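Take a look at the structure set out below.
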Amino acid sequence: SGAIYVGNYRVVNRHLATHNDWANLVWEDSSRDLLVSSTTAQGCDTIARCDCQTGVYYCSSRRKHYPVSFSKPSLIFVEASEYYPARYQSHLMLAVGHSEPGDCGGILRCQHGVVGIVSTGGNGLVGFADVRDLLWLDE
Ligand SMILES: CSc1ccc(Br)cc1CC(=O)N1CCC[C@H](C(N)=O)CC1
Ligand SMILES: [Zn+2]
């Protein structure tokens, strides 16, 4: 689990969005596994606007942060799950690092701010949904 709180927005994995997220929907994209809902309180986070390919992510299944080198956002095949049919997930960055299903929502940060959230993984990989291109989160 986990979310990004920026301005009056809450960014979550679309597959973990709550009834309240859907009732306050701003934007969602199944191909990216992202959903953004509106909030009444001002958020605590800021978003990176950069091309970093290294950073640190929070891994809830280890209660620890780990450093990673990750690929640039791209279209990657993701096998069927209980949440989605077999499809290509867009804006996805892969890295070598531990992850388990419940680790979705962990934040990836570089020195500039939040880069994205855990969205896929397994067998020693961890995949992050990028949010750096969503410029409207800042206004
Ligand atoms: C951190 S995810 C993970 C980690 C380890 C293992 Br084994 C397996 C997973 C994958 C997983 O649980 N899902 C369910 C959530 C949907 C997601 C998606 N973005 O389409 C991909 C599939
Ligand atoms: Zn950066």
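If you go along the chain as it appears here, the first residue is 1 and each next one adds 1.
Method reported for this entry: X-ray crystallography, 1.4 Å.
Keep in mind that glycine also has a Cβ here, set from the backbone N, Cα and C atoms.
Annotated active site, for protease 2A activity per Swiss-Prot: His15, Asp33, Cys104, in sequence order. Annotation comment: Swiss-Prot describes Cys50, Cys52, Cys110, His112 as Zn(2+) 1 binding site.
In three-state terms derived from DSSP, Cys104 (active site, for protease 2A activity) belongs to neither a helical nor a strand segment and is classed as coil. Highlighted in sequence order, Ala48, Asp51, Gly55, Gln111, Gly113, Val115, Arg132 have their Cβ within 8 Å of the centre of the Cβ atoms of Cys50, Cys52, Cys110, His112, the residues recorded for Zn(2+) 1, and are not part of that set. Annotation note: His15 (active site, for protease 2A activity) sits in a helical segment as assigned by DSSP. For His15 (active site, for protease 2A activity), the same-chain residues lying six or more positions away in sequence with a CB closer than 8 A to its CB are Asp33, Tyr83, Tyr84, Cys104.
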